[PDB]
């Protein structure tokens, strides 16, 4: 069994952005303890927090796993590492980011792991692709709240999922 469901957001704003994203999902999927169940469309998004840099490609995936939350976290960090994410980069451009957004319905408050992700409802580049693949959120947020945050933060479909 892989009884745990988790939602993960991916962003990239360096180089071949879509490649990093694509290789991130491939690396995750290659792990026998992770099954990728659904992937959002890919959105191009205006940089948040530090705007003097390239636009981002952002998506969100849903996975099934038998990994614990700390186990899942160490996998995503190994993936980040494999794709050349420099630990030191905080606000500027980076090859790849992985955020654990949701893990079942657990509320996690470890020193290194906060779930639900504390910024996810303040980021259109997370919420928009999340709603595409998570119907429980889809109701907890109006449809005009979704296209209203698209407009204000500058989030646009870059590649349709199929």
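Residue numbers count along the first chain shown, from 1.
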| property | result |
| --- | --- |
| Stretch exceeding the other in mean C-alpha B-factor - 53 to 61, 89 to 97 | 89 to 97 |
| Mean Cα B-factor comparison, 142 to 150 or 9 to 17, giving the higher one as deposited | 142 to 150 |
| Given 135, 45, 40, 70, the residue at which the Cα B factor reaches its maximum | 135 |
| Relative C-alpha B-factor of residue 27, binned into the chain's lowest, middle or highest third | middle |
